[PDB]
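Written out below as structure tokens is the structure these notes cover.
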Amino acid sequence: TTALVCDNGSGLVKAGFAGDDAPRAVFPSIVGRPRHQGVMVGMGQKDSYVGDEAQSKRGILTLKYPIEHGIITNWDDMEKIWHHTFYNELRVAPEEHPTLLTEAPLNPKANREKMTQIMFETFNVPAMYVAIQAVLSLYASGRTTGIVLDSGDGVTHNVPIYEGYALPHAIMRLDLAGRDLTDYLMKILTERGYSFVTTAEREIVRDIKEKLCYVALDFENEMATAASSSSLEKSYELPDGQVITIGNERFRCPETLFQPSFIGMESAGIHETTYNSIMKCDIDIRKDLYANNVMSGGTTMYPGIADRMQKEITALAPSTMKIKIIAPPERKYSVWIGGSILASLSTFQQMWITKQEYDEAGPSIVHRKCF
Amino acid sequence: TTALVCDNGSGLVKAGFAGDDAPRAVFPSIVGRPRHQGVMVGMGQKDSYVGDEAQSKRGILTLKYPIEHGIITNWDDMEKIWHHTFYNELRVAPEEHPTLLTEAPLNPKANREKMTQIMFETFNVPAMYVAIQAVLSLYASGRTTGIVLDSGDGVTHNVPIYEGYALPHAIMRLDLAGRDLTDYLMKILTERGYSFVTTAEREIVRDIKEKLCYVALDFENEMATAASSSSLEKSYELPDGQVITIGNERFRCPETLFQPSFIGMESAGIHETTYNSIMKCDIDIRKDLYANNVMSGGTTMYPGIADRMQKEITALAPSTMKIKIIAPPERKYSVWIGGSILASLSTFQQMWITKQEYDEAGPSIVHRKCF
Amino acid sequence: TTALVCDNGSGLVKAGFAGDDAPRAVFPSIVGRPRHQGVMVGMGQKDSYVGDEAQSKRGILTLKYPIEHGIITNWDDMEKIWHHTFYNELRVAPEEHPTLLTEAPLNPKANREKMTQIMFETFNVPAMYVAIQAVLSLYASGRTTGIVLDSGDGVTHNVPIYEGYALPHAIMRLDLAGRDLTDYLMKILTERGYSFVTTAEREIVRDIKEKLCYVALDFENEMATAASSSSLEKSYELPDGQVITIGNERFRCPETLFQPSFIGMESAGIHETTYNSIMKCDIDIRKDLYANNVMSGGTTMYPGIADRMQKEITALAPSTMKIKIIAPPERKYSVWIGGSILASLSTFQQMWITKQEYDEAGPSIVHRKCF
Amino acid sequence: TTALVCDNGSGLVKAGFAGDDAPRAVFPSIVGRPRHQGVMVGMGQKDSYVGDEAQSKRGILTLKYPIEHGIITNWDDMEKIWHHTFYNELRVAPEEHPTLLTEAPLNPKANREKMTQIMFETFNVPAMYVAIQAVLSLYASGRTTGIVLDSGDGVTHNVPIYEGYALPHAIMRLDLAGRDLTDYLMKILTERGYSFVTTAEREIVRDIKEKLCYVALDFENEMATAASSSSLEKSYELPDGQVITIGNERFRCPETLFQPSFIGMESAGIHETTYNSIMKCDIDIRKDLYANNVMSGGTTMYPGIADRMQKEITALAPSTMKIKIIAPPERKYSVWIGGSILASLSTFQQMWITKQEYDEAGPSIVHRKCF
Amino acid sequence: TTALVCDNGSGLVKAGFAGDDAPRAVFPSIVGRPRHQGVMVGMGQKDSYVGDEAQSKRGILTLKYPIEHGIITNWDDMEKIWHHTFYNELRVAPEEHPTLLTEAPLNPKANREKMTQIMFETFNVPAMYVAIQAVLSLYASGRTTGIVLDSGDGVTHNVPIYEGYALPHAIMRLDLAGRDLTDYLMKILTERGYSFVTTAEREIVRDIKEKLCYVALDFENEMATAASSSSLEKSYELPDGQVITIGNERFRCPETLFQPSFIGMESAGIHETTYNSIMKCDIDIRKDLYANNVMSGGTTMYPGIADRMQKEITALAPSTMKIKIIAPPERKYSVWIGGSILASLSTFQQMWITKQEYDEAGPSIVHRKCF
Amino acid sequence: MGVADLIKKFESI
Amino acid sequence: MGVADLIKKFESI
Amino acid sequence: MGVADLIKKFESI
Amino acid sequence: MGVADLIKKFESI
Amino acid sequence: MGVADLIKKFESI
Ligand SMILES: Nc1ncnc2c1ncn2[C@@H]1O[C@H](COP(=O)(O)OP(=O)(O)O)[C@@H](O)[C@H]1O
Ligand SMILES: Nc1ncnc2c1ncn2[C@@H]1O[C@H](COP(=O)(O)OP(=O)(O)O)[C@@H](O)[C@H]1O
Ligand SMILES: Nc1ncnc2c1ncn2[C@@H]1O[C@H](COP(=O)(O)OP(=O)(O)O)[C@@H](O)[C@H]1O
Ligand SMILES: Nc1ncnc2c1ncn2[C@@H]1O[C@H](COP(=O)(O)OP(=O)(O)O)[C@@H](O)[C@H]1O
Ligand SMILES: [Mg+2]
Ligand SMILES: [Mg+2]
Ligand SMILES: [Mg+2]
Ligand SMILES: [Mg+2]
Ligand SMILES: [Mg+2]
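Residue numbers (the entry's author numbering), protein chains in the order written: chain E, 5 to 375; chain C, 5 to 375; chain D, 5 to 375; chain B, 5 to 375; chain A, 5 to 375; chain G, 1 to 13; chain I, 1 to 13; chain J, 1 to 13; chain H, 1 to 13; chain F, 1 to 13.
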């Protein structure tokens, strides 16, 4: 009776059998529907496509994400995503495979309710639990005192945990990360005259970001370097073989995690948001939090990000205090890996919510650990 | 058949095998229970913690003392304290180890009754005695004519003893000492803007008190010195590495032993309470009392306290009379050390109360030497 | 020679001529500076704005409060606030108008010193006094035996007064009130998915709080009512005409005065803080304190607050004892009104501190009645 | 030209015009001065208060008695007491009203001298006498052969009189009575855990004593009754409405008149002091003394006291001899009533000391009947 | 076979080996038993103490004299006194050491019988005699015609002897001396306000008497001197270092030997009692009695006493007649010294009463010379 | 018992 | 309640 | 780091 | 000062 | 004055 573990990212869906070391489905959180007219009756095969097939098709298709900032805004396409996840990818009959699901903290409670309602009524899943991504990140990181920094495609959030107790007031969240960084990179690349406009070109700019972008340790020094020298410049080849050349823009894009002023946001950067979240914590907690600052992958894959963060936090926090940042190469998968651990634990299984309980406690039981 | 000796302090519990030179358990008189929400199911291991473990945990925990002013106000937590003391600390099976227990004078008789009832009925202890802390302090101080000044975490009391006879009318008691001095130190440090609020921060302020505080010989001269010069100022580093700087506040805190007006109490200081207790004694006794003024530790660990006390008593008492103050460095342990002596004495053993006697005299036999 | 009376609130500035029945200036304690780039050279008229002008501008501006919890953290902006208060609002030349100023109790003494130094040296004010807001609240409430509960934008504090004598040890203070309640309301409204983030949106949530929030008489009954029925739900219209709908959240916000656990604070609610402050008072005082429990306005404007407080105190305090709560509709102005009375009193005027004395006693004379 | 009669009790001041049936002033012998800081300038009206006003104020005030054990130890406050007695209470101009004053026997002669010096020089009283309280008690009791037992707030004394001749050697005195009984009641109530500490709480314990206490006829039988049954228990309500419950303590307090060992005094009880005083008397006198044992009020108001005394004296004295104890309900006032009689007597008036005589005999004439 | 000589004084016990020049035991006629509670089980060593040890202990102890006025009122404690005298002081086994014992004249015959019965039956003394203290005083004074004046702690008595013949009708006795003088000194010192009450304080007042008191030659002149000048005043330091100052009281105390009216006795003073005793003597005897007036120590140690006595007797007796008073510095010991002489005399030994004679004459033989 | 009566008693005595 | 009345009240006290 | 090891660690804890 | 010495002292006393 | 002398005196007498 292998449990299922599904992490529904704002940009990537990660679904895997409990106790496995890696997800099996990793396809994009994407649905596409043709903008163009079909004429070859044998070829207009589908009105809609799921993210891997939809990515190849994207040149004809319009692409939409069903999640915005950890919120689900198109439940029909999200049901499409889960249906394809369970039947097409994992080849598994969910009637027998109880499921763990993930959400960002401080999400609307309606989102969790509606997701649970779909899971029981549509898929007939026999048992379910919903888990908080920071806790999964700590299970993946092998420790029980941590502060977790997350940045998927959508939300960025900071959660402190101590001896397995969570500090709900110390949570801090920014709706920023990958998508906004991609759009800002589109504008900056527009500064050089590479007009990218379509959602397909948005996906191309996402790939450009994921390869070329690196995080400055001293943004002003990098700006002076790119102004004085071409040595930072890189070339890349678009799918049609056109060549694009990029300079300061590379580091200027991820730098807008630290300086959301470039988006026009006033909220302080991820470093200051982390520091303030630590300050919310009771004074003794802070020392152990500085020793255990864990990164939840996604955008934190960038080169240099951990060094820049350590420099910033050491500047913000008092001296004479060990500040240490833990970011394994699996950090992106680490949310799923945490779910894979949690579902396996013999202690955990009584945490399941059973279809009986959903048929008796109404929804409200899903709120029990809403955090 | 090694007897047990347990001193239940308002702030520290001290339990040791009779004839040993020091206590083995010295852990804080503290129980803590998590205020914060548990989420890591593998980690919310206990609903309650005992003072040493509870101190490390305190950053999450709320801390409560089960004793206030030598009175026991949460018997459930007090049973937790004794259970952990006997099994976890002393690794001893109390069925075979008769026990000596301590109390402040002028305590409610119900407290002694309830403690004895717990000791016999819950732990099945085969023999017990309850002893008065001043007498133990005199055994620790190697003399049989003394006046004892005590100040634990809770009570302050003065007891005169002469040739081993106790003067029940000359007893004087103040509910003051460590805890009130700590709270006043919290307020004074608030005067500089270091907002300490939590019970964990109360424990931090207790540590600040225990290190930094010193007792003025001339309070007005010290106030003028701190006003005119920084030379009295000290820095200290909080657990999060923040630096705190403190000046006049250091001596101003223990000075509020001598001037309880700063707490708003009207009762005269420890010096005048000692002098008045001596005046209660019959005239001949006084000369030998002035020669034998013994300090029972706890707060009397402060620097300068004995010199200030000698200055005050010499000002209060008539001239041409030797005033001498005895305060060994063991003065804090000295109550336990006295118990360790008393339990060993061959003459003492018939003082034991046996479960038979408790099953026949009812409680009342515990009152025999209630004093 | 009409004296000036200025109350510098953590959130609202209240300035009025002595003996007037109401303040004339009531503008917000706010300075704003443009985050966005100016381009219309004729329109970027000012680099900084004062709270009334800054509120309209706030949509472009970033807003900062110069006071946090009765502490002044940006003296430059505070000088801006006072400069605009005297010249722009009151149209008065402070060379001729001696001034009364207000502060929370247990504030850092440096704050009072620096404020006085600014008042004399920068504004050339010829005479000054600093007064304690609870005493002003009692003058406004026409009585001389009272316990005062205060909650401005920043501090909450309890002060007992009896026959005009103040009990410095019975003072109790919480850094809570308006700002923390507003932030918690932002988080709770986030539970429904209304993402408010900017300081402008903080001001919108403050207005939402001030209109919609009401205090439960039985929090659990209200929670059950909101769960079982929509009848508690309200709608509100944001500045852009978007509609927001709110239910249980309304009473859940002010309930976190009584249960600071929802902020994660362990300090007992305003009811238990009042009761404990009464317990600090000597036994005879208590009866008259229960008869005279006075509310100092600000957040205590909420509907139901006085009834809930009376219910709680009657539950906490012994039976057969009149518990009575005095909260006029002017309770918010009542601190200023008390200052307006006090400055007018012929008996008071010798309490003034004159520029000569400040030039001779140094600062320290401002401490004379620091309380 | 109505003479004045003033009785200055250790605890109550009693002043009345000669020939009146009762005193007019009965206010407490109390001066109080604020321990707490004044802040409401309109309300710190007085630095000192007289016993009736001082009792209501006592919750803020510290209270001091100016008399200890019939000795005057604070002449400044005693001048305050007399000033308020003459002007505020009796509304009388002492220039016209010659005065009778009372004292305990065996008082220091300096006390009488200083009192007389104050009366003439400060108040300009034109004539004075000092009278001995036992003689006044016999005039109040309508007889000229008596033994008088007295117990005010301070002194207890026994004086035998026969045919109006006084036996100076048979006088016996104990410094005990009300105040020591009150303090012992504070300690005993501490045995139950009712911590009373302040002088205000001392006054509360005085009221508790005055209402609840009753005198045992068989102390050991009463102790067995209170041990075996709750039927002796009473409840009382403190000024703050808290309820206090008291059992054996009630009779145990006045029993410490008979057994001063509970105070630690070795002097025999009032019964044995009476018997020994009778034994000092010449043999024939004794028979008439046993017939005429008169009680001078104050503490002798207790229930049962006369029956217990009769039991004790009948046990001590030889059988076949009538032992009879006279204790009218006016016994407390009876000292003043005796003064009111004595001053009225036409035979008495030549006993007056005139300001001329005080200006010529020095003080010493006040000693003429010092007794 | 060294005889024993024991003088049992009302206040001091004097026991010595016959032919020695001084007593060896001089300890007080005192037994003490703790009034206070014992708590140090190792320290409550004895339930009772003998006068030297009892004096140091007296601060805890109650002290009792076993003799009142040459009468033995606690035979158990008197047996304690003798047991300690023989074993602890003299280190002598009374089985071998026949004993001489002393008594006041006109004592109850039962007292002598009971003392003898104890001496033979309890101590197994082999021979005994009882001797009359005046005769011993004459042996100490080396003459066989004398009148003896005695004043120990208890009795005062006058006995005339002529050529070794005693005049039983001329005996005169007063129960006065040391103890009554001490109590009167307590009252007089109370006139200044030095409250002495305990038996320990009685012993302190005894020491005050023994040092400070002196006898006036003209009581009225001394009273006028002390009234007009401080030059008679003396200071003394109590055991606690408190200073006491004394004036007229010094001579006023011993003056109450001559004027027992101050005690309330009507019996004429020692001078008139001596004169009347001389008048009882046959006319020729008187001339030789005036030549040989011998003082038996104790209270007659006072300064001035012999001069005052000579002045009084010369005023009372006819002129032209030598009046001469013999009072060696050994006068206190002189009773014991007389016993030491008498027991040694070879002529005396047949005066012994042997255990055989006590076993044959019953008691009555002790009466043979009862006088 | 009244004060006047006691006065008249002692003045008579 | 008016400010003038409270002033006159405290100045009277 | 492997999932099985972390499972065994937390189940042991 | 050691506990054994004090015990022996009081047991001797 | 010594005791021996007084003894010898009275034994002589
Ligand atoms: N160096 C120090 N200076 C002043 N106080 C101290 C110091 N070390 C410990 N204390 C105080 O000693 C007290 C504990 O003493 P203790 O006699 O064990 O009290 P109790 O017996 O009531 O627990 C606490 O109030 C603690 O703050
Ligand atoms: N109708 C209302 N209901 C609840 N709170 C209110 C209302 N009106 C104003 N407030 C609160 O009053 C506070 C300001 O009170 P005030 O005593 O002026 O504080 P300060 O003196 O620190 O500026 C703000 O927190 C504001 O939100
Ligand atoms: N009902 C009562 N029972 C016992 N004692 C009482 C009672 N009422 C008053 N007293 C005592 O009477 C004493 C006052 O008596 P009073 O003769 O006026 O003394 P003084 O003359 O020295 O002031 C106080 O000790 C008071 O406690
Ligand atoms: N210096 C002194 N002046 C006066 N009296 C003294 C002095 N020394 C001792 N006495 C008195 O001597 C008395 C004891 O004398 P003593 O003959 O031994 O009496 P007793 O034989 O009855 O014990 C006591 O009353 C003591 O106070
Ligand atoms: Mg993610
Ligand atoms: Mg202690
Ligand atoms: Mg306010
Ligand atoms: Mg009286
Ligand atoms: Mg004698």
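Ideal Cβ positions, reconstructed from N, Cα and C, are used throughout, including at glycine.
Simplified DSSP assignment, three categories, for residue 302 of chain D: As a working mapping, residue 302 of chain D is identified with position 298 in the third sequence. Helix at residue 302 of chain D.
Taking 8 Å as the cut-off, does the region 32-39 of chain A touch the region 147-157 of chain B (at least 3 CB pairs, one atom from each stretch)? no
Give me the chain H residues within the contact set of residue 23 of chain C, using Cβ-Cβ distance strictly less than 9 Å, ordered along the chain. By 1-based counting over the second sequence, the position of residue 23 of chain C is 19. Under the 9 Å cutoff, chain H gives 3, 4, 7.
The region 61-81 of chain D in contact with the region 337-348 of chain C per 3-pair CB rule at 8 Å: no
In terms of residue numbering, what span does the beta strand (DSSP E) encompassing residue 133 of chain A cover? Taking the first residue of the fifth sequence as 1, we reach residue 133 of chain A at position 129. Run containing residue 133 of chain A: 131-136, per the beta strand (DSSP E) assignment.
Beta-carbon gap between residue 194 of chain D and residue 167 of chain D smaller than 8 Å: Against the third sequence, residue 194 of chain D aligns to sequence position 190. Against the third sequence, residue 167 of chain D aligns to sequence position 163. No, the pair does not count as a contact, with Cβ atoms beyond the cut-off.
Of all residues in the structure, which have a C-beta closer than 5 Å to any heavy atom of ligand 9, taken in chain order? A:13, A:156, A:302
Anything in chain J within Cβ reach of residue 345 of chain E, meaning under 8 Å, just list it in chain order. Taking the first residue of the first sequence as position 1, residue 345 of chain E is located at position 341. Near residue 345 of chain E (Cβ distances below 8 Å), the residues of chain J are 3, 6, 7, 10.
Using 8 Å as the limit for Cβ to Cβ distance, is residue 270 of chain C near chain B? Here residue 270 of chain C refers to the residue found at position 266 when the second sequence is read from its first residue. It does; some Cβ of chain B falls within 8 Å.
Following a CB-centred definition, is residue 217 of chain C positioned closer than 7 Å to any heavy atom of ligand 1? Along the second sequence, one-based indexing puts residue 217 of chain C at 213. Result yes, Cβ under 7 Å from ligand 1.
For residue 46 of chain C, decide whether its Cβ has a neighbour in chain J, counting only Cβ atoms nearer than 8 Å. Sequence index remark: in the second sequence, residue 46 of chain C carries index 42 (1-based). At least one chain J Cβ lies under 8 Å of residue 46 of chain C.
For a contact meaning CB atoms closer than 8 Å, what does residue 172 of chain D contact in chain C? The residue labelled residue 172 of chain D in the question sits at position 168 within the third sequence. Correct list: 268.
Between D:37, D:363, D:17, which has its C-alpha nearest residue 28 of chain D's C-alpha? In the third sequence, the residue the question calls residue 28 of chain D occupies position 24. For the residues D:37, D:363, D:17, the minimum Cα distance to residue 28 of chain D belongs to D:17.
Of all the CB atoms in chain C, is at least one closer than 8 Å to the CB of residue 229 of chain B? Reading the fourth sequence from its first residue, position 225 is the one you call residue 229 of chain B. No, residue 229 of chain B lies away from the interface with chain C (no Cβ there is under 8 Å from its Cβ).
So residue 87 of chain C is in the beta strand (DSSP E); what residue range does that whole segment cover? Looking up residue 87 of chain C in the second sequence gives position 83. Run containing residue 87 of chain C: none in the beta strand (DSSP E); it sits in the alpha helix (DSSP H), 79-87.
Please confirm whether residue 129 of chain D and residue 172 of chain D have their CB atoms less than 8 Å apart. Here the question's residue 129 of chain D lines up with position 125 in the third sequence. Here the question's residue 172 of chain D lines up with position 168 in the third sequence. No.
Kindly say whether residue 244 of chain B, judged by its beta-carbon, lies nearer than 8 Å to any beta-carbon of chain D. Sequence index remark: in the fourth sequence, residue 244 of chain B carries index 240 (1-based). So, interface residue.
Going by the beta-carbon positions, is the gap between residue 48 of chain D and residue 42 of chain D smaller than 8 Å? Along the third sequence, read from residue 1 onward, the residue named residue 48 of chain D stands at position 44. Along the third sequence, read from residue 1 onward, the residue named residue 42 of chain D stands at position 38. Yes, the Cβ-Cβ distance between residue 48 of chain D and residue 42 of chain D is below 8 Å.
Any heavy atom of ligand 6 closer than 7 Å to the beta-carbon of residue 339 of chain C? Residue numbering aside, residue 339 of chain C sits at position 335 when the second sequence is read from its first letter. True, at least one ligand heavy atom lies under 7 Å from that Cβ.
In chain B, which residues lie with their C-beta within 8 Å of the C-beta of residue 290 of chain D? One-based indexing of the third sequence puts residue 290 of chain D at position 286. Those within 8 Å of residue 290 of chain D in chain B are 243, 244.
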